[PDB]
Amino acid sequence: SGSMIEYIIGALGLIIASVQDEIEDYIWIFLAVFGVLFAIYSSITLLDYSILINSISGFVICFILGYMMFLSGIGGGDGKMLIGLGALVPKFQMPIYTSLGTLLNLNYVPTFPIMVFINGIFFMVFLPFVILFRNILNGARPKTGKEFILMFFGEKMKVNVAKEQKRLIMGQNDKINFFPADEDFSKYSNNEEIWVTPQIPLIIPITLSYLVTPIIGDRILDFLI
């Protein structure tokens, strides 16, 4: 309940961010700045050096965790918006039910921004299953080997619609490259069926996570341990 006005602004940033899909660069930096500036105002106003400290700290702890996630190559992307969210909304109303939670929850530690990510990553684990159905409902069945694997991670449509939506060619039948990105690598095929990369941006699960975490908190970590 405390830091409400703040929370509402991160939510905006992420919904703009989750929807759009370059501007991902302007948003992250804006969140940090408004956040830091905002803390100054609240601090002097509320008269609590308490506020400012978590903020700066939050920005820092997050820079390190993502820069490391950046470096330990995995993170690849987004670690950045978790960064900015950090120096603004670290710490927000939220239930804890784990030993780790008592830890993630502390003085400087940006609890919510961090939590929003963890709960966010598990969500991404539903994705392949989301696409499994999108594909079922799309009236697509698999005829070959890699297709089954594909059924979970890719979406099948006609080269007409393929080019129409101008997507990344993933492969035909078993000629699948599960990591394609020669641009639209010569879409040279008949107006037939093809496999392509979907655009389900990990940004979403994190935004869903942003909104649900305040209600969920540590529960998922609990059940999964």
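Numbers here mean position along the shown chain, with the first residue as 1.
For all residues, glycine too, the Cβ spot is worked out from N, Cα and C.
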Swiss-Prot annotation: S72 and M94 on one membrane face: no
Modelling gap (4 residues), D21/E22 Cα distance, angstrom: 8
Cα-Cα distance linking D78 (site 'Essential for catalysis') and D21 (site 'Essential for catalysis'), given in Å to the nearest integer: 12
Number of other Cβ atoms within 10 Å of the Cβ of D21 (site 'Essential for catalysis') across all protein chains: 11
Highest-contact recorded stretch vs the transmembrane segment (202-213), from 5-21, 23-45, 49-71, 78-88, 110-138, CB pairs under 8 Å: 110-138
Chain residues in Cβ proximity to the transmembrane segment (49-71) (below 8 Å; excluding those fewer than six residues from its ends, i.e. six or more beyond): 32, 35-36, 39-40, 42-43, 79-80, 82-84, 86-88, 90-91, 107-110, 113-114
Distance in angstrom, CA of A181 to CA of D182, with 2 unmodelled residues intervening: 6
